[PDB]
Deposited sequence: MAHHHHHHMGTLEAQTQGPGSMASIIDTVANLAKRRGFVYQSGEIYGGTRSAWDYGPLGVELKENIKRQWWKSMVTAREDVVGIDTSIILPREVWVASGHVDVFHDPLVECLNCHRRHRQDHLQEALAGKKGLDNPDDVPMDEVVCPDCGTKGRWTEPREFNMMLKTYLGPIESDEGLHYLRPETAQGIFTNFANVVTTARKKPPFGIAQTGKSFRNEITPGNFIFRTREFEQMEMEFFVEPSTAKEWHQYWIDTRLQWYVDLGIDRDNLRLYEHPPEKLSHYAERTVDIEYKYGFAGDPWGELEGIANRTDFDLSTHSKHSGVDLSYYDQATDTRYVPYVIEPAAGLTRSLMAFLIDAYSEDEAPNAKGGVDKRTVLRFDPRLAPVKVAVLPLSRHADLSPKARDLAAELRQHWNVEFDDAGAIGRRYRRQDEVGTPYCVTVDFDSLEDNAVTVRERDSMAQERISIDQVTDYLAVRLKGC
């Protein structure tokens, strides 16, 4: 079986993900994140926010609405150009992406729903934004779009943020949140969904420096993934050819990750575009509000250029999950060797930081173990598990990437210490209970 299938099966079995509304018929275009998945996702997001906003003098945060005034998407150009060609099978009348079927221009292709082949309608352009209606009347007055990107909420607040945060280019505005696209086909696993969270930052610079700032952010974003544990050899850069450039972008470089898809194993992870002055210029023109920047140090006025790192939170989750997956040979209690599944997460991403495992269900072990679990829950997400053989419980934690297991044994009742097991090496060290929190805090690398 393929690596992606193996990882997807683990994720489903341990509740990283569940298909949304599965009891009614789920698809891979919409996914829920279970108890382990919601923590992993939140940890990735928190590390992005820390790297982008908390740690940087020159980047501030914002959170804008999914549903903006419709005029925003007229001005941005999305109403006019955010569409893709659809063809309709002449036998089963299902519609498909013409470009995708052409895998470029061909002519007579096969239908992946009935197989008829050759019988297609002429192409029709299909706008990829999702629609809704606000107010009691479902009319054009009430028509709104769910945002296909978070970026326009940032651009429309550029002058507000310059004023309230007292920022001057070069500086950035960063944001996380849900975006929506009427994707015609789902992807492998969670790769391509109609609803997905993005992590986007618009970095406003003086125009003559934009190309240098573009390279800075390409290299900085690449290094962000590596610093959080992704193997650099599973990352690469991809330059958009001119025909693949979005309407707002003069140059775009994708970070791609080696997901392991059948055929071509590489996929887009994050896009880093130079959007020049397109977005502030068009909103200035359409709104009548001046979004240019006045540099008092030179008495000059200019429309900033924009460098945009635009990451996908759920695509990132998929990459971190796949990259952490590993099998190694581990001794078992019997004296033999097992194949052991381990998610080798960076400790800042792992959904459960520590597992508290009494050696057995013995009544004398539970008090100290329960008291210790309660102490650690003040700081971290913790799992308590007393069911079954200790060795099996260690492997249950290894399988979801837990960095440390703490075992309470009968000697603990006399020396008031516990055994701390490290996930990757499986090495154990005996630590006094009153120092366990500090012992873990240093190794978990939190804030």
(request) Could you please spell out the deposited residue ranges that have no C-alpha entry in the coordinates? (result) 1-22, 126-138
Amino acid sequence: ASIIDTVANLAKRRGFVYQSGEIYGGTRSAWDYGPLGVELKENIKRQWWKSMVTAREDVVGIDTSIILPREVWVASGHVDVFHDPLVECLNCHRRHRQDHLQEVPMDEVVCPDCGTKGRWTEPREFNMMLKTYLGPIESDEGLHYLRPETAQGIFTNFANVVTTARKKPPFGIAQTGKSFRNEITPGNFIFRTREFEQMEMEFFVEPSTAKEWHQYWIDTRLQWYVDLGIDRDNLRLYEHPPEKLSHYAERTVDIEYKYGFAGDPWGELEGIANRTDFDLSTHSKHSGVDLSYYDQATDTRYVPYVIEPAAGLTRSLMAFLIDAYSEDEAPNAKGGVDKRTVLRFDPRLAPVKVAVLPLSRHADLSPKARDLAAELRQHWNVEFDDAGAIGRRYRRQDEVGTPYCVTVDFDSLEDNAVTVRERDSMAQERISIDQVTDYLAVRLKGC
From here on, numbers count along this sequence of modelled residues.
(message) Checking the other compared PDB entries, only those that cover the residues flanking it, does residue 139 lack coordinates in at least one third?
(response) yes
(request) Determine if residue 169 is unmodelled in a third or more of the other PDB entries compared for this protein. (result) no
(request) Determine, for stretches 413-421 and 41-49, which one has the higher mean CA B-factor as deposited. (result) 413-421
(request) Would you mind comparing 403-411 and 50-58 for me and telling me which has the higher average C-alpha temperature factor in the entry? (result) 403-411
(message) Checking the record values for 270, 202, 195, 264, which has the greatest CA B factor?
(response) 264
(message) Between 221, 334, 147, 377, which one tops the list for Cα B-factor in this entry?
(response) 334
(request) Place residue 308 in the lowest, middle or highest third of its chain's C-alpha B-factors, as listed in the PDB entry. (result) lowest
(request) Pull the Cα B-factor of residue 217 out of the PDB entry and bin it into the chain's lowest, middle or highest third. (result) lowest
(message) Lowest, middle or highest third: which one holds residue 17 when the chain's residues are ordered by CA B-factor from the entry?
(response) lowest
(request) Going by the recorded CA B-factors, say which third of the chain residue 109 sits in, lowest, middle or highest. (result) highest
(message) Quick check for you: using the entry's CA B-factors within this chain, is residue 235 in the lowest, middle or highest third?
(response) middle
